[PDB]
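In this analysis, Cβ positions are derived from the backbone assuming ideal geometry, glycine residues included, and neighbour counts consider all displayed protein chains. Each reported figure results from applying straightforward, stated rules to the coordinates on display, with no laboratory input.
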There are 4 protein chains.
Amino acid sequence: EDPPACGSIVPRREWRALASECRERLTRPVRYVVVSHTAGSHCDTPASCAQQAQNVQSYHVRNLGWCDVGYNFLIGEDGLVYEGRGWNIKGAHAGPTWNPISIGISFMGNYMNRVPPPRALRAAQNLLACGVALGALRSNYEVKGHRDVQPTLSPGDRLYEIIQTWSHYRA
Amino acid sequence: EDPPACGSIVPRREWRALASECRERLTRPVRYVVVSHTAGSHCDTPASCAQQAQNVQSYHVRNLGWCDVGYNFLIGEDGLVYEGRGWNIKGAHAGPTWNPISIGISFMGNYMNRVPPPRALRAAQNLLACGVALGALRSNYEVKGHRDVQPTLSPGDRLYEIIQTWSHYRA
Amino acid sequence: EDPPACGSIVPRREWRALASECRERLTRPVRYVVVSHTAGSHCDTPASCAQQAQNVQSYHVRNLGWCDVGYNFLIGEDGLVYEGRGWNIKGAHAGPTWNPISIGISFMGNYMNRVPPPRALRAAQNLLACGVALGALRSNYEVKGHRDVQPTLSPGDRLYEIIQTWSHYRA
Amino acid sequence: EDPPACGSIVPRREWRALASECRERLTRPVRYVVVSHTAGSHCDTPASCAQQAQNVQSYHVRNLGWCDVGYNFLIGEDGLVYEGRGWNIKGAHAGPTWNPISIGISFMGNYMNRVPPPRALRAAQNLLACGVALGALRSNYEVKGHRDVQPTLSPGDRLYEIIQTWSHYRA
Ligand SMILES: C[C@@H]1O[C@@H](O)[C@H](O)[C@H](O)[C@H]1O
């Protein structure tokens with residue numbers, strides 16, 4: 001029974017989320033990770049990224065009339081991880097086959113032509129390491145890109161390239 | 001006031017679609033139309049567009065393991081309409097809420113920072129008139145942008161702007 | 001918002017209900033509809049159902065000491081909707097995690113082994129459509145069984161099977 | 001096989017109606033609503049009211065030799081609405097001047113010495129609201145009583161009084 005603090009995660013309170021209204025739950029341990037980009041603009045400061053997180057959830061919540069930001073987590077270019085729906089709540093990020101069986105982490109920006117900075121990559125890698133220590137993810141979890149399970153350009157070409165490389169990436 | 005009074009459409013046999021395997025049906029008349037873009041490349045001849053439609057199909061069926069190409073109808077900048085799942089089959093284009101109550105029409109190409117040629121826009125408007133003529137769509141149907149319903153950049157800044165002038169666009 | 005009135009709801013005064021003492025409001029628009037059964041007697045006439053409404057409220061106020069009938073609405077085999085706590089007041093129908101965030105409509109009877117008549121089902125879905133028309137319910141509202149959010153047989157085997165069938169039903 | 005009938009209209013098949021052989025259509029949007037009475041027996045349960053709708057249609061078809069029950073809709077004191085000829089098919093309720101420019105709805109009973117229960121009056125207004133939404137009625141529809149248009153004691157003195165207090169009524 002180990003309690004670690006791998007959570008260097010910015011809580012929703014800290015980026016000033018609107019109250020989530022989602023109630024459906026994931027079953028631990030989750031087996032799949034789906035990587036996305038927002039396709040939107042990036043941020044490289046804790047301050048600008050809290051704005052970017054609020055903007056993204058605002059779109060999902062107010063325009064799209066959803067129960068919260070779709071992702072389980074957002075990764076920023078400031079090297080920080082933004083608690084989305086977090087580990088226990090079913091996301092809305094890859095459609096009805098994958099949503100119940102996966103975590104959706106998404107990078108804030110458009111990686112069709114940029115590559116994300118090493119510290120975003122590190123954040124993401126670290127987040128996954130956390131999930132495993134927590135029991136949230138299977139230690140042998142698989143990683144898919146967003147375009148691999150759904151018809152989109154997301155996560156972007158350069159990022160898609162990078163994630164194809166990853167240890168836990170699969171087909 | 002007699003039968004088939006609408007729509008010039010390239011059938012599946014004609015662009016060499018793989019066999020549809022979709023069973024689920026739409027209940028007509030249909031209220032909503034969701035406008036899309038493929039985000040991929042465009043095509044300006046019957047030759048290349050009949051070619052594009054297969055790519056798209058190929059991707060949705062082979063890579064994603066779907067029963068058929070996700071859209072009900074594809075528009076080409078050749079100025080023709082490629083038959084997707086068609087008027088009667090539930091499509092896969094807008095997630096679980098919009099799919100069973102709408103028709104997904106996808107303009108082949110990426111219209112973030114280019115426009116479809118007048119001929120493409122006519123194909124699609126004409127298709128819509130045709131859908132009313134056949135009682136496949138309600139007379140007072142509503143047009144939505146893909147992004148009004150899913151987090152995506154589709155149908156692209158340029159198209160999105162154009163479709164908002166449409167007689168049938170509702171927010 | 002928009003004045004056009006809705007549904008054929010039998011008002012409290014009409015079924016001779018005791019006064020409500022409930023004071024808590026529900027934030028509009030509401031996202032969830034929770035469907036339950038009364039597990040009490042059924043009725044099939046406006047006369048016998050007004051009666052039924054009364055015993056259920058009577059049993060809720062007099063015995064359980066709640067402020068009012070626990071449901072937001074009651075449905076008769078009558079084919080009519082009985083006004084319970086209404087659109088605006090928080091119910092007592094699915095526990096504290098689910099009360100503040102949903103409408104509870106209960107069918108009057110025991111549907112483990114009986115099916116409700118078309119008449120009842122129409123009234124129910126109609127009531128929901130008004131919710132939407134009035135802005136009490138989200139356009140994208142979600143219907144859940146009682147069974148899905150608490151450990152109970154409610155709303156009975158047969159009726160549960162029917163609501164699984166509805167457009168707005170969610171896992 | 002989609003969402004049902006605003007106003008909880010009882011379908012033809014549900015009250016066991018002889019098949020219609022009417023063909024004249026009604027030009028939507030219709031402006032007028034003539035309100036009549038049956039001048040037959042009333043009914044106050046769904047069981048007795050389906051039986052009554054059945055009786056009056058049988059009289060109209062078998063005896064008078066009409067193509068269907070003369071009314072577009074019938075209202076029971078069970079407080080339900082019985083689909084007659086419906087929104088689209090010209091009625092036979094108010095003679096040649098008025099049949100092609102009217103929905104005619106009839107209360108089942110004789111309202112010379114009786115008033116209909118508020119549930120019937122509610123059912124009737126509800127049916128009208130659902131007329132506009134559908135687009136079968138001009139949003140600014142005008143209501144007349146049967147006797148304002150043909151020489152007759154229908155819809156009965158007691159009911160006629162009520163009708164006059166309605167907002168959309170024009171002497
Ligand atoms: C992506 C998709 O979006 C909406 O249509 C639905 O809310 C669904 O839950 C989600 O998976």
Practice problem: Starting from a label point 7 Å past Cα on the Cβ side, list the distances from A:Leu18 to the same position in the other copies, nm, shortest first. | Solution: 4.0, 4.0, 5.8
Practice problem: May I ask you to list the residues of region B:54-75 whose amide nitrogen lies under 17 Å from a point 7 Å from Cα along the Cα→beta-carbon direction of A:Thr97? | Solution: B:56-71
Self-check item: Residue closest to axis [chain C; rotation mapping onto B; Cβ; Å]
Solution: C:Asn140, 1
Quiz item: How far is B:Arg31 from the same spot in each other copy, in nm, shortest first, if each label point sits 7 Å from Cα toward Cβ?
Solution: 2.1, 3.0, 3.7
Quiz item: In deg cm²/dmol and to the nearest 500, what is the mean residue ellipticity at 222 nm of chain B if only DSSP H runs of at least 4 residues count, each as -39500 (n - 2.57), divided by the residue total?
Solution: -7000 deg cm²/dmol
Practice problem: Could you calculate the FRET efficiency of D:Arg114 with C:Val132 from 1/(1 + (r/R0)^6), where r is the beta carbon distance between them and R0 is 25 Å, rounded to 0.05? | Solution: 0.10
Quiz item: Roughly what % of DSSP beta bridges within chain B run antiparallel, to the nearest 5?
Solution: 20
Quiz item: What FRET efficiency, computed as 1/(1 + (r/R0)^6) with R0 = 60 Å and r the Cβ-Cβ distance, is obtained for A:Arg158 and C:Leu18, rounded to the nearest 0.05?
Solution: 0.35
Exercise. List the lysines whose Cα lies under 27 Å from the Cα of A:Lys90, skipping any in the same chain that are fewer than 8 positions away.
Key: A:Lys144, B:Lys90, B:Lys144, C:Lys90, C:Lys144
Quiz item: Shortest first, in nm, what separates the label point of C:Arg62 from those of the same position in the other copies (7 Å along Cα→Cβ)?
Solution: 4.8, 5.1, 7.3
Exercise. Please give the FRET efficiency for A:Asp2 paired with A:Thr165, using the beta carbon to beta carbon distance and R0 = 22 Å, rounded to the nearest 0.05.
Key: 0.15
Quiz prompt | Partner chain coverage, peptide B:147-155 - average Cβ within 10 angstrom | solution = 6
Exercise. For the protein assembly as shown, give the share of DSSP beta bridges that are antiparallel, in percent and rounded to the nearest 5; count only bridges with both residues there.
Key: 20
Quiz item: When chain A is treated as a GNM, springs tying every alpha-carbon pair under 10 Å, which of A:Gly40, A:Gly76, A:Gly109 comes out with the largest mean-square fluctuation?
Solution: A:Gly40
Practice problem: Return the average number of partner chain Cβ atoms within 10 angstrom of each residue Cβ along peptide D:115-126. | Solution: 3
Self-check item: Cα convex hull volume per residue for chain C (Å³)
Solution: 110
